[PDB]
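As a plain string of letters, each chain reads:
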Amino acid sequence: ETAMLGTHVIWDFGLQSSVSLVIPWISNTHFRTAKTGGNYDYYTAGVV
Amino acid sequence: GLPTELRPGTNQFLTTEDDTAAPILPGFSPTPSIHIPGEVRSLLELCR
Amino acid sequence: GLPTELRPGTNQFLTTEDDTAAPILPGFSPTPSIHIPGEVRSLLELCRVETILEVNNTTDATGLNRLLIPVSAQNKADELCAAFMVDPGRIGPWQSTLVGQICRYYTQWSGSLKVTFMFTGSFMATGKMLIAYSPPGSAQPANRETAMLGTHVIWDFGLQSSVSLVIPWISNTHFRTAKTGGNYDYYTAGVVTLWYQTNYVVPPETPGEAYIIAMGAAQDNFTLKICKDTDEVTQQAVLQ
Amino acid sequence: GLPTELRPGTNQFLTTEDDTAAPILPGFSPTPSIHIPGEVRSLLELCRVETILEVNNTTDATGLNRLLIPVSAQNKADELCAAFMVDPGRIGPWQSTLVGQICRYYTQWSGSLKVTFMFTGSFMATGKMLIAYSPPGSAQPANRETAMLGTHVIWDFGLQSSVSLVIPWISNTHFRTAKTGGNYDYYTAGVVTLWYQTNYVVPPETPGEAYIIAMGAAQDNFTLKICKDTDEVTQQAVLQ
Amino acid sequence: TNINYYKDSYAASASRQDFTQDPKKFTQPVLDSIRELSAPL
Amino acid sequence: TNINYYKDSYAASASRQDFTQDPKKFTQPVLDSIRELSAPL
Amino acid sequence: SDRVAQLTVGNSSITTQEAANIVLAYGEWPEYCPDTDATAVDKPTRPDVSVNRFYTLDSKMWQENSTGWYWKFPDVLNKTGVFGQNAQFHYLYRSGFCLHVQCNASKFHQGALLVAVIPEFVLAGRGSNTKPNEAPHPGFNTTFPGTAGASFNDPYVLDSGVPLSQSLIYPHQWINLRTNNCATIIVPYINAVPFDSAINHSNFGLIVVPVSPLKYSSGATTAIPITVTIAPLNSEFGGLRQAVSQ
Amino acid sequence: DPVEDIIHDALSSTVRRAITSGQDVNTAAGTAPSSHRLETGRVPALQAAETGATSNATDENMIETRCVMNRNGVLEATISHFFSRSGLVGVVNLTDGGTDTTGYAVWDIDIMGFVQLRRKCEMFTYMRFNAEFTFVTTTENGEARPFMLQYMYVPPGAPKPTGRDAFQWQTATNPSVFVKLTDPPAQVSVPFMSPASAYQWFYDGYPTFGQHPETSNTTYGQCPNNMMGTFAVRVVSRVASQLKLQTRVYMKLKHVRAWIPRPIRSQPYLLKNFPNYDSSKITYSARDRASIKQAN
Amino acid sequence: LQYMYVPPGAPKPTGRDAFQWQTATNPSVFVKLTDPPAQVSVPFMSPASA
Amino acid sequence: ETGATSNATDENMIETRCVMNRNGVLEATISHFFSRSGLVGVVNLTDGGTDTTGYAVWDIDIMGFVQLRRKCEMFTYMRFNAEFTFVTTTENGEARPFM
Ligand SMILES: CCCCCCCCCCCCC/C=C/[C@H](O)[C@H](N)CO
Ligand SMILES: CCCCCCCCCCCCC/C=C/[C@H](O)[C@H](N)CO
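Residues numbered from 1 in each chain as written, not as in the entry; some residues may be left out. Chains lettered and ligands numbered in written order. Part of a larger assembly, values for the part shown. Heavy atoms only, no water.

For chain E, the PDB entry supplies the name Capsid protein VP4 and the organism Coxsackievirus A10.

The PDB entry lists chain A under the name Capsid protein VP3, from Coxsackievirus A10.

A.B. asks: Outline the overall build of chain A, listing residues and values.
C.D. replies: Across its full length, chain A holds 0 helices and 1 strand. Once the C-alpha set of chain A is aligned to its principal axes, its extents read approximately 45 × 25 × 20 Å. Each of the 48 residues in chain A was classed as buried or not, and the buried ones make up 6%. For chain A, the accessible area works out to roughly 4,300 Å², and carbon and sulfur atoms hold 61% of it. (Helix = DSSP H or I, 4+ residues; strand = E, 2+ residues; numbered from the N terminus. Buried < 20%, exposed > 50% of the residue type's maximum accessible area, 1.4 Å probe, protein only. Areas by Shrake-Rupley, 256 points an atom, 1.4 Å probe, with all protein chains shown as cover.)

A.B. asks: Can you explain the packing of aromatic side chains? Please cite residues and give values.
C.D. replies: In this structure the tally under the stated criterion is 61 aromatic pairs over all chains. Judged by centre distance (4.7 Å) and plane angle (80°), the ring pair of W155(C) and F157(C) falls under edge-to-face. Aromatic side chains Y199(H) and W201(H) sit 6.1 Å apart centroid to centroid with 15° between the ring planes, which places their arrangement in the stacked category. As far as the burial class goes, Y199(H) and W201(H) line up, both buried. A network of ring pairs unites the aromatic residues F73(G), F83(G), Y93(G), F97(G), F204(G) and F237(G) as a single cluster. When the ring centre of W29(G) is taken as reference, the NZ or CZ atom of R16(H) above it lies at 4.6 Å. (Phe/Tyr/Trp six-rings, centres within 6.5 Å; stacked < 30°, edge-to-face > 60°. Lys NZ or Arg CZ within 6 Å of the ring centre and 35° of its normal.)

A.B. asks: Any details on the site of ligand 2? Residues and values, ideally.
C.D. replies: Residue and element names in this part refer to chain J. Close contacts around ligand 2 come from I60, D61, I62, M63, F84 and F86, and that covers them all. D61 has a polar side-chain atom sitting 2.6 Å from an oxygen atom of ligand 2. Backbone polar atom of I62 to an oxygen atom of ligand 2: 3.0 Å apart, as the coordinates give it. Here ligand 2 has 600 Å² of accessible area as a free molecule, and 48% of this is covered by the chains. For the shell around ligand 2, the residue count by class is 5 nonpolar, no polar and 1 charged. (Near = heavy atom within 4 Å. Polar contact = N/O pair within 3.5 Å; in protein donor to acceptor, adjacent residues only side chain to side chain. Nonpolar A, V, L, I, M, F, W, Y, C, P; charged D, E, K, R; others polar.)

A.B. asks: Would you mind going over empty space enclosed by the protein in detail, with residue names and values included?
C.D. replies: In total, this model carries 15 cavities of 30 Å³ or more according to the counting rule given. Taken as a whole, the largest cavity encloses approximately 130 Å³ of empty space. If you trace the largest cavity, you find 18 residues lining it, with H174(D), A38(G), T39(G), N21(J) and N23(J) closest to the centre. (1 Å grid on protein atoms, 1.4 Å probe; cavity = no way out; pocket = protein on both sides within 12 Å on 5 of 7 lines; lining within 4 Å. Points joined across faces, edges and corners; volume = space filled by probe spheres on them.)

A.B. asks: Describe the arrangement of the chains, naming the residues involved and giving the relevant values.
C.D. replies: If you rank the 25 pairs of chains in contact by how many contacts each has, first place goes to chains C and H. No interface is formed between chain E and chain G, the nearest pair of C-alpha atoms being 19 Å apart. One finds no contact linking chain A with chain J; the least C-alpha distance across the pair is 31 Å. (Contact = heavy atoms within 4.5 Å.)

A.B. asks: Would you mind going over the environment of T142(G) in detail, with residue names and values included?
C.D. replies: With respect to the element layout, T142(G) can be found in helix 2 (residues 140-143). Remark: the alpha-carbon pair of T142(G) and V117(G), spanning 25 residues in sequence, is separated by 18 Å.

A.B. asks: Give a description of the interface of chain H and chain C that names residues and reports values.
C.D. replies: Chain H puts 85 residues into the contact, and the matching count from chain C is 92 residues. In this assembly, chain H packs against chain C so that about 7,500 Å² is buried in total across both faces, 58% of it on carbon and sulfur atoms. Together, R119(H), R289(H) and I292(H) form the three largest contributors to the area buried by chain H at its contact with chain C, with a combined 9%. Our count for the chain H to chain C interface comes out at 2 salt bridges. Those elements that provide at least two residues to the side of chain H that touches chain C are strand 1 (46-47), helix 2 (79-83), helix 3 (115-121), strand 4 (124-139), strand 7 (186-190) and strand 10 (244-261) of chain H. Looking at which element gives the most residues to the side of chain H that touches chain C, the answer is strand 10 of chain H, with 7 residues. Its residues placed into classes, the side of chain H that touches chain C shows 47 nonpolar, 22 polar and 16 charged. (Buried area = accessible area lost by both parts, 1.4 Å probe. Salt bridge = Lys/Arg side-chain N within 4 Å of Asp/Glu carboxyl O.)

A.B. asks: Outline the site of ligand 1, supporting the account with residue identities and numerical values.
C.D. replies: Residues and elements named next belong to chain H. In the vicinity of ligand 1 there are 16 residues, among which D110, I111, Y199, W201 and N226 approach most closely. Within the side chain of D110, one N or O atom sits 2.6 Å away from an oxygen atom of ligand 1. Notes on ligand 1: free accessible area 600 Å², of which the protein chains cover 98%. Only strand 4 and strand 5 (148-154) provide two or more residues apiece to the shell around ligand 1. Looking at the shell around ligand 1 residue by residue, the class counts come to 14 nonpolar, 1 polar and 1 charged.

A.B. asks: Can you explain the interface of chain H and chain F? Please cite residues and give values.
C.D. replies: Tallying the contact residues gives 30 residues for chain H and 26 residues for chain F. Across the chain H/chain F interface, buried area totals approximately 2,200 Å², and carbon plus sulfur atoms make up 57% of it. Interface area lost by chain H to chain F is led by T20(H), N56(H) and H255(H), which between them contribute 20%. For the pair chain H and chain F, the number of links is 0 salt bridges. In this assembly, chain H and chain F are joined by 4 residue pairs in polar contact. Elements with a minimum of two residues in the side of chain H that touches chain F: strand 1, strand 7 and strand 10 of chain H. By residue number, the principal contributor to the side of chain H that touches chain F is strand 10 of chain H, which donates 3 residues.

Structure, rendered in structure tokens:
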């Protein structure tokens, strides 16, 4: 009930056994660094 | 209202009068008529 | 003044009269209307809608199980599954549907009807049924070799789990009354029976008991005649 | 004579009927009319006029002091100065104004209202107030951080000693009834509260007690529905 | 199209209903017209 | 050609009877119009 | 070609492989209140991406002897998301909804759910007391269940006196475990007033009744859940003031 | 121009076409002849009730039919002519005797008191109409006696009468009907007087805010947009006229518009404003039979 | 007096003050005994064509 | 203090939408405000054996009953045509064929 608030897609099984969720580009800066940890978590992108 | 005057003959029921009467069923559509042979329109067809 | 004459019918109050009446509030402007979706203009829009049919209206069948006719793997062929009369004004299954509760407000009905049969069994379970509407005459058939002679349709299970048998308008008079019994059975419309065409074949590890939902509705040439006080409601004292 | 039929409604006397009546004086020519200034054609011209509001309608406030809300130098900030409900049909302050005494002759009212606040303090005394109209919901706010969320206007003192807060027409139905209480509170319109924005700053040798005159009126989209007998007058016997 | 059956004008019913308002004589009975969005004084 | 003797519209008798049906909003209230002779699914 | 379907609203999407149709209730889309029908003079607010999205309620386990569930709208969305906050801060609320109920099951399970909407689903007190001062009336939590949703006591009468058979006149859809696995319904704003409150009056209610009871052979999956998800479409709010939960 | 995600939808959120156009249907539908069709892939009988749409399998597509210029009428099925018939609404009992020193009777206008018309006007959820009221007034035995009566309409807000000769009966503003007991029934026409845009017989909600109990929730469902005032009746006199009187009210619904149909109630009524019933005695809509495959 | 028309199918009254007399749908004529005779017009109401 | 009422309308104070107001104002005109009859005066004619007068007299004065007086006194100068209606009963409220 807390996760449904973010971006999401409801995947149904059956034929076409693969769904594809697109993680959009939701950020403040135009770029995020590859390094994380410390005060670099300011560049974190969230959790799926 | 419109000034009127009641004349002799009010409230009487003349069994042979030719007048209108309030319908009971508004917006009524009877069963359609079909062609039944041997229609009689006047009793002079019977006297002959 | 103008000479007039009062005729029979004065001072009477005909509850169905179509006349004017002095308004109480002169120069009145009501609350303006807005667009409320789902406007109905004639009750024939309501008779066309499918509504479930209490066809399993037997004793010891309490609750929602009245809306379900059972289906099971029969060891004997040509066997009868269900039956009911097709008179909406009659008491019985049609007494639950909408067309059957609104055809009781009028006296005479005309036009064809339809009955949709939706299968609620498993997906791997197949079968065939024979839905036969028999015009008036004798009572319901004994065997299905007798029922096959009337109007009928052979329903196959699978995808598109619902078939719809249309009960045509087969009658002498242009209208049939809602009342039955006594010498009003002259207005009976016949009986519709659902027979096992072949069987209810089912693979292993799948329930052998399924259900069928019967829904009823009126066709596009349905029409009604003189109004009437329904007989489905009763009141003793005022509702205080 | 002409055949007629009497329908239900004969010989009745509908006090609000719009019909003719036989004159008593035939060939009558009344006294000619002259030009008398100040002709009123509809009561909506009367609802637009500002009239004072008995907003200080408390006990131990006898006389003309009911028309005055006091204002004084507050040592504590964010403090409440006055409050009243914005239902003209309700009993209370609006019961004194004209719009509120003429909205009782009709049942349902619609349209916005306005409330003018005229400051009657000294000239050297300044201040700011926050007038907040809160649509229906909970009761009046507790602090002004809660009241600032509704519709509001911040009134500055000085020249042009009167501000006017317009209570908009925020409602679900097109009309609200004049009756309140019980399950008629569904037609409540909210509460308007006057808070001390900053303070009532005053120089030396100037009174620290001033008053504010609240006047109420209807906006330009005010309208009324079905008439009604007012409930502000009572009579036991004939006035002989 | 309302009608009167008598030749006296004061026997008619609702001869003419009118929509004519003029609040500016009670709400703004002043000499110099105050503008709606300017300061009064 | 029905008539009303009072100037209030809500005193007339049966001002206009209409023949306007629209069952396709209760019988077929679906998005993609199902054909009458094709398979539904 | 017609079984597959994808709905997308706001930042959310819903796929489906076996549902085949989109029931548009009463053949009208959710739209904004036109100026010729509006009564409130203030300007409303229209987020259209903060509130217009698919909120997924909790799941209800369909048992062999279940009796059906009902939800009230917009009662369910009064404490979740920006919709909940807008409905708690605003007095006038208007919006259509898009319902989507999923109940998947193997090709060996059998059963049928009726998923319908009841405009103005007034519940009833079950009791033979005829005096209005001692008669039983449904409690607040029984009539406004909330996000949890409430269960029926006798669904044959829909807890409202009316029979369930004729309930098919409402915008409805079946979930037949042999053909489809989810049902969806787009319902517009159905009310006698342009706007209305969102915490006092619930425009309609959702009904899920297991008509054909769940039946399966031994060894299959016993936990068959039902999940509902709702998307308020073309939402407007007006009359802003402090937050009032109820 | 600078930001166009805001213009792309503003000029795309116009009236979306929801075509469900109806046509003027004067008479019932005829039929067209049909031969036998032995074709694959085109099946009008196979339907799918799971789509929420009703079957469209007509007669011509299923069995071989003739053609019939159906001339039957459909006018008596329109809701106008369905509600155009007056029915009992409420009855008041005015006992102006020596032991009953009241002199007046009062009736809260509520047509939900008698099942006959309630069952009809509750099959639709939102109704908007004009009413035509007719008051018959007799004694307890059914006799007419030349006593003049006054019916006053007290809208919500006005002061209700407090005595036989109280001042409220001056009816300076309230509409009132003076009629003798030996005259035709008094008939008036009342417009659509609700503050809302339509009467609703079911209001799934509460009138006011606040905390709502769970034991005696006597305020649930009671919409105020329905209550339209009060009806007071007295006999025009200064002293009591010793007679038992009974006034019956009949209402006709003209210029009707209905919205959002509703299942017709099956269980009996128990309360006026509330749709109560009893779970102990659930009256099934269909009468019971002996067996299922034994159609009587 | 009250004259009610009970078409075939409707419930016939069971008492002087039974509920059937509400005539919500059945046509009915209320008239006093000291008034002109009550006169109405009825159409061709047979289900057949004659 | 100018003696003029405030002219601050809605659009000039808060951000409003547009509404094609279709509400009616006809029931607010004084014509339809006074178009409803009300009680004015009541006379008591006791033609009994002890009251050997036989006639009653009433000075035409509508200021005797508050219900209509309160209305027609909100305006200072009025010019109109009246429509009088006389109901006449006994003390018990009975009608009896006496001319
Ligand atoms: C002097 C005339 C007195 C008779 C006229 C009284 C006014 C009648 C107002 C009727 C209001 C519409 C019909 C009533 C509908 C339902 O009773 C209410 N919605 C609640 O039940
Ligand atoms: C034979 C008919 C008798 C009834 C007609 C009597 C004449 C009525 C004259 C009414 C004069 C205008 C209305 C009266 C107004 C106020 O009562 C007076 N200005 C003083 O109160």
